[PDB]
file work-v5.pdb (PDB, N, CA and C atoms and all ligand atoms)
ATOM      1  N   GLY J   1     -11.910  -4.975  20.079  1.00  0.00           N
ATOM      2  CA  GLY J   1     -12.401  -6.317  19.829  1.00  0.00           C
ATOM      3  C   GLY J   1     -13.568  -6.337  18.861  1.00  0.00           C
ATOM      4  N   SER J   2     -14.486  -5.390  19.024  1.00  0.00           N
ATOM      5  CA  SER J   2     -15.658  -5.304  18.161  1.00  0.00           C
ATOM      6  C   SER J   2     -15.250  -5.257  16.692  1.00  0.00           C
ATOM      7  N   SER J   3     -16.208  -5.517  15.809  1.00  0.00           N
ATOM      8  CA  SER J   3     -15.949  -5.508  14.375  1.00  0.00           C
ATOM      9  C   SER J   3     -15.042  -4.342  13.993  1.00  0.00           C
ATOM     10  N   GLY J   4     -14.059  -4.619  13.141  1.00  0.00           N
ATOM     11  CA  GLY J   4     -13.138  -3.583  12.711  1.00  0.00           C
ATOM     12  C   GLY J   4     -13.424  -3.101  11.303  1.00  0.00           C
ATOM     13  N   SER J   5     -13.153  -3.955  10.320  1.00  0.00           N
ATOM     14  CA  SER J   5     -13.380  -3.607   8.922  1.00  0.00           C
ATOM     15  C   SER J   5     -14.835  -3.850   8.530  1.00  0.00           C
ATOM     16  N   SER J   6     -15.657  -2.813   8.660  1.00  0.00           N
ATOM     17  CA  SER J   6     -17.072  -2.914   8.324  1.00  0.00           C
ATOM     18  C   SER J   6     -17.258  -3.194   6.836  1.00  0.00           C
ATOM     19  N   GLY J   7     -17.972  -4.272   6.528  1.00  0.00           N
ATOM     20  CA  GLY J   7     -18.211  -4.633   5.142  1.00  0.00           C
ATOM     21  C   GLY J   7     -19.627  -4.325   4.700  1.00  0.00           C
ATOM     22  N   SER J   8     -20.156  -3.194   5.155  1.00  0.00           N
ATOM     23  CA  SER J   8     -21.512  -2.788   4.806  1.00  0.00           C
ATOM     24  C   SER J   8     -21.507  -1.452   4.069  1.00  0.00           C
ATOM     25  N   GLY J   9     -21.430  -1.515   2.743  1.00  0.00           N
ATOM     26  CA  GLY J   9     -21.418  -0.305   1.943  1.00  0.00           C
ATOM     27  C   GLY J   9     -22.509  -0.295   0.891  1.00  0.00           C
ATOM     28  N   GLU J  10     -22.351   0.561  -0.115  1.00  0.00           N
ATOM     29  CA  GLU J  10     -23.333   0.667  -1.188  1.00  0.00           C
ATOM     30  C   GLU J  10     -22.855  -0.064  -2.438  1.00  0.00           C
ATOM     31  N   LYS J  11     -21.667   0.296  -2.910  1.00  0.00           N
ATOM     32  CA  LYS J  11     -21.093  -0.325  -4.097  1.00  0.00           C
ATOM     33  C   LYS J  11     -20.980  -1.836  -3.920  1.00  0.00           C
ATOM     34  N   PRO J  12     -21.262  -2.582  -4.999  1.00  0.00           N
ATOM     35  CA  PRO J  12     -21.196  -4.046  -4.987  1.00  0.00           C
ATOM     36  C   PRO J  12     -19.765  -4.561  -4.883  1.00  0.00           C
ATOM     37  N   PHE J  13     -18.838  -3.850  -5.515  1.00  0.00           N
ATOM     38  CA  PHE J  13     -17.431  -4.237  -5.493  1.00  0.00           C
ATOM     39  C   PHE J  13     -16.743  -3.713  -4.237  1.00  0.00           C
ATOM     40  N   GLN J  14     -16.587  -4.585  -3.247  1.00  0.00           N
ATOM     41  CA  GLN J  14     -15.944  -4.210  -1.992  1.00  0.00           C
ATOM     42  C   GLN J  14     -14.751  -5.114  -1.700  1.00  0.00           C
ATOM     43  N   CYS J  15     -13.662  -4.514  -1.231  1.00  0.00           N
ATOM     44  CA  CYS J  15     -12.453  -5.263  -0.912  1.00  0.00           C
ATOM     45  C   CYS J  15     -12.733  -6.322   0.151  1.00  0.00           C
ATOM     46  N   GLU J  16     -11.704  -7.085   0.503  1.00  0.00           N
ATOM     47  CA  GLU J  16     -11.841  -8.134   1.507  1.00  0.00           C
ATOM     48  C   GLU J  16     -10.976  -7.834   2.728  1.00  0.00           C
ATOM     49  N   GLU J  17      -9.902  -7.078   2.514  1.00  0.00           N
ATOM     50  CA  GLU J  17      -8.994  -6.720   3.598  1.00  0.00           C
ATOM     51  C   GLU J  17      -9.318  -5.332   4.144  1.00  0.00           C
ATOM     52  N   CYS J  18      -9.980  -4.521   3.326  1.00  0.00           N
ATOM     53  CA  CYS J  18     -10.351  -3.169   3.724  1.00  0.00           C
ATOM     54  C   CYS J  18     -11.807  -2.878   3.374  1.00  0.00           C
ATOM     55  N   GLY J  19     -12.475  -3.862   2.779  1.00  0.00           N
ATOM     56  CA  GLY J  19     -13.867  -3.693   2.403  1.00  0.00           C
ATOM     57  C   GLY J  19     -14.151  -2.317   1.837  1.00  0.00           C
ATOM     58  N   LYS J  20     -13.240  -1.820   1.007  1.00  0.00           N
ATOM     59  CA  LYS J  20     -13.397  -0.505   0.396  1.00  0.00           C
ATOM     60  C   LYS J  20     -14.564  -0.497  -0.586  1.00  0.00           C
ATOM     61  N   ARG J  21     -14.760   0.634  -1.256  1.00  0.00           N
ATOM     62  CA  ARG J  21     -15.841   0.772  -2.224  1.00  0.00           C
ATOM     63  C   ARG J  21     -15.315   1.302  -3.555  1.00  0.00           C
ATOM     64  N   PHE J  22     -15.828   0.752  -4.650  1.00  0.00           N
ATOM     65  CA  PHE J  22     -15.409   1.169  -5.984  1.00  0.00           C
ATOM     66  C   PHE J  22     -16.539   0.982  -6.991  1.00  0.00           C
ATOM     67  N   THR J  23     -16.500   1.763  -8.066  1.00  0.00           N
ATOM     68  CA  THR J  23     -17.521   1.688  -9.104  1.00  0.00           C
ATOM     69  C   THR J  23     -17.335   0.447  -9.969  1.00  0.00           C
ATOM     70  N   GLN J  24     -16.166   0.334 -10.592  1.00  0.00           N
ATOM     71  CA  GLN J  24     -15.863  -0.806 -11.449  1.00  0.00           C
ATOM     72  C   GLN J  24     -15.022  -1.837 -10.705  1.00  0.00           C
ATOM     73  N   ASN J  25     -14.886  -3.020 -11.296  1.00  0.00           N
ATOM     74  CA  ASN J  25     -14.107  -4.094 -10.688  1.00  0.00           C
ATOM     75  C   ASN J  25     -12.612  -3.855 -10.876  1.00  0.00           C
ATOM     76  N   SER J  26     -12.216  -3.568 -12.112  1.00  0.00           N
ATOM     77  CA  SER J  26     -10.813  -3.321 -12.426  1.00  0.00           C
ATOM     78  C   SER J  26     -10.134  -2.538 -11.306  1.00  0.00           C
ATOM     79  N   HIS J  27     -10.806  -1.495 -10.830  1.00  0.00           N
ATOM     80  CA  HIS J  27     -10.270  -0.664  -9.758  1.00  0.00           C
ATOM     81  C   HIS J  27     -10.032  -1.490  -8.497  1.00  0.00           C
ATOM     82  N   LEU J  28     -10.962  -2.392  -8.203  1.00  0.00           N
ATOM     83  CA  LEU J  28     -10.854  -3.245  -7.025  1.00  0.00           C
ATOM     84  C   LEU J  28      -9.737  -4.270  -7.195  1.00  0.00           C
ATOM     85  N   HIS J  29      -9.899  -5.158  -8.172  1.00  0.00           N
ATOM     86  CA  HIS J  29      -8.903  -6.189  -8.441  1.00  0.00           C
ATOM     87  C   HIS J  29      -7.491  -5.619  -8.340  1.00  0.00           C
ATOM     88  N   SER J  30      -7.245  -4.529  -9.058  1.00  0.00           N
ATOM     89  CA  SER J  30      -5.934  -3.889  -9.053  1.00  0.00           C
ATOM     90  C   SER J  30      -5.655  -3.234  -7.703  1.00  0.00           C
ATOM     91  N   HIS J  31      -6.681  -2.615  -7.129  1.00  0.00           N
ATOM     92  CA  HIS J  31      -6.547  -1.950  -5.838  1.00  0.00           C
ATOM     93  C   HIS J  31      -6.000  -2.909  -4.786  1.00  0.00           C
ATOM     94  N   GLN J  32      -6.186  -4.204  -5.020  1.00  0.00           N
ATOM     95  CA  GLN J  32      -5.712  -5.224  -4.092  1.00  0.00           C
ATOM     96  C   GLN J  32      -4.197  -5.154  -3.933  1.00  0.00           C
ATOM     97  N   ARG J  33      -3.547  -4.415  -4.827  1.00  0.00           N
ATOM     98  CA  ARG J  33      -2.097  -4.268  -4.788  1.00  0.00           C
ATOM     99  C   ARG J  33      -1.649  -3.651  -3.466  1.00  0.00           C
ATOM    100  N   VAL J  34      -2.496  -2.796  -2.902  1.00  0.00           N
ATOM    101  CA  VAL J  34      -2.188  -2.137  -1.637  1.00  0.00           C
ATOM    102  C   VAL J  34      -2.068  -3.151  -0.505  1.00  0.00           C
ATOM    103  N   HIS J  35      -2.540  -4.368  -0.756  1.00  0.00           N
ATOM    104  CA  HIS J  35      -2.484  -5.430   0.243  1.00  0.00           C
ATOM    105  C   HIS J  35      -1.522  -6.532  -0.189  1.00  0.00           C
ATOM    106  N   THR J  36      -0.618  -6.197  -1.104  1.00  0.00           N
ATOM    107  CA  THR J  36       0.357  -7.158  -1.602  1.00  0.00           C
ATOM    108  C   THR J  36       0.961  -7.970  -0.462  1.00  0.00           C
ATOM    109  N   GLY J  37       1.554  -9.110  -0.803  1.00  0.00           N
ATOM    110  CA  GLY J  37       2.162  -9.959   0.204  1.00  0.00           C
ATOM    111  C   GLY J  37       1.471 -11.303   0.324  1.00  0.00           C
ATOM    112  N   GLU J  38       0.287 -11.305   0.929  1.00  0.00           N
ATOM    113  CA  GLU J  38      -0.476 -12.536   1.108  1.00  0.00           C
ATOM    114  C   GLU J  38      -0.761 -13.200  -0.236  1.00  0.00           C
ATOM    115  N   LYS J  39      -0.049 -14.286  -0.514  1.00  0.00           N
ATOM    116  CA  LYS J  39      -0.223 -15.016  -1.764  1.00  0.00           C
ATOM    117  C   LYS J  39      -0.649 -16.457  -1.498  1.00  0.00           C
ATOM    118  N   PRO J  40      -1.921 -16.637  -1.113  1.00  0.00           N
ATOM    119  CA  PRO J  40      -2.480 -17.961  -0.823  1.00  0.00           C
ATOM    120  C   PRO J  40      -2.635 -18.813  -2.078  1.00  0.00           C
ATOM    121  N   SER J  41      -1.755 -19.797  -2.232  1.00  0.00           N
ATOM    122  CA  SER J  41      -1.793 -20.682  -3.391  1.00  0.00           C
ATOM    123  C   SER J  41      -2.985 -21.630  -3.312  1.00  0.00           C
ATOM    124  N   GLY J  42      -3.652 -21.638  -2.162  1.00  0.00           N
ATOM    125  CA  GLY J  42      -4.803 -22.503  -1.977  1.00  0.00           C
ATOM    126  C   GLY J  42      -6.046 -21.735  -1.575  1.00  0.00           C
ATOM    127  N   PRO J  43      -7.199 -22.421  -1.584  1.00  0.00           N
ATOM    128  CA  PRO J  43      -8.484 -21.815  -1.219  1.00  0.00           C
ATOM    129  C   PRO J  43      -8.572 -21.494   0.269  1.00  0.00           C
ATOM    130  N   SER J  44      -9.587 -20.723   0.643  1.00  0.00           N
ATOM    131  CA  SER J  44      -9.784 -20.339   2.036  1.00  0.00           C
ATOM    132  C   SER J  44     -11.031 -21.001   2.611  1.00  0.00           C
ATOM    133  N   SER J  45     -11.011 -21.257   3.915  1.00  0.00           N
ATOM    134  CA  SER J  45     -12.139 -21.891   4.589  1.00  0.00           C
ATOM    135  C   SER J  45     -13.152 -20.848   5.050  1.00  0.00           C
ATOM    136  N   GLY J  46     -12.711 -19.953   5.931  1.00  0.00           N
ATOM    137  CA  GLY J  46     -13.590 -18.916   6.437  1.00  0.00           C
ATOM    138  C   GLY J  46     -13.007 -17.527   6.268  1.00  0.00           C
TER     139      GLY J  46
HETATM  140 ZN    ZN V   1      -8.410  -2.950  -0.210  1.00  0.00          ZN
END
call {"tool": "encode", "arguments": {"input": "work-v5.pdb", "output": "structure tokens"}}
result
Amino acid sequence: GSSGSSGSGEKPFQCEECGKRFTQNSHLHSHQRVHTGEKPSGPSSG
């Protein structure tokens, strides 16, 4: 139940589904491919 995906790292560019860490953004944006599927055509609330 406790927090699962800890979003407390060093690098500024951190994922949202895995809160990973990366040096550049390109790596992150593209890295999001590992989470393919969820295609929200609209904005998110929380
Ligand atoms: Zn990720």
call {"tool": "closest_atom_pairs", "arguments": {"input": "work-v5.pdb", "of": "chain J", "to": "ligand ZN 1 (chain V)", "cutoff": "6.5 Å", "atoms": "all atoms listed in the file", "output": "CSV"}}
result
residue,atom,partner,partner_atom,distance
J:15,CA,V:ZN1,ZN,4.7
J:16,N,V:ZN1,ZN,5.3
J:17,C,V:ZN1,ZN,5.0
J:18,N,V:ZN1,ZN,4.2
J:19,N,V:ZN1,ZN,5.1
J:20,N,V:ZN1,ZN,5.1
J:31,C,V:ZN1,ZN,5.2
J:32,CA,V:ZN1,ZN,5.2
J:34,C,V:ZN1,ZN,6.4
J:35,N,V:ZN1,ZN,6.1
call {"tool": "atom_distance", "arguments": {"input": "work-v5.pdb", "atom1": "atom C of residue 5 of chain J", "atom2": "atom N of residue 21 of chain J"}}
result
10.8 Å
call {"tool": "select_by_dssp", "arguments": {"input": "work-v5.pdb", "residues": "chain J", "states": "alpha helix (DSSP H)", "output": "PyMOL selection string"}}
result
chain J and resi 25-31
call {"tool": "atom_distance", "arguments": {"input": "work-v5.pdb", "atom1": "atom N of residue 14 of chain J", "atom2": "atom C of residue 33 of chain J"}}
result
15.0 Å
call {"tool": "atom_distance", "arguments": {"input": "work-v5.pdb", "atom1": "atom C of residue 27 of chain J", "atom2": "atom N of residue 10 of chain J"}}
result
15.0 Å
call {"tool": "residues_near_point", "arguments": {"input": "work-v5.pdb", "point": "(-18.3, -2.1, -5.4)", "cutoff": "6 Å", "atoms": "only C-alpha atoms", "output": "MDAnalysis selection string"}}
result
chainID J and resid 11:14 21:23
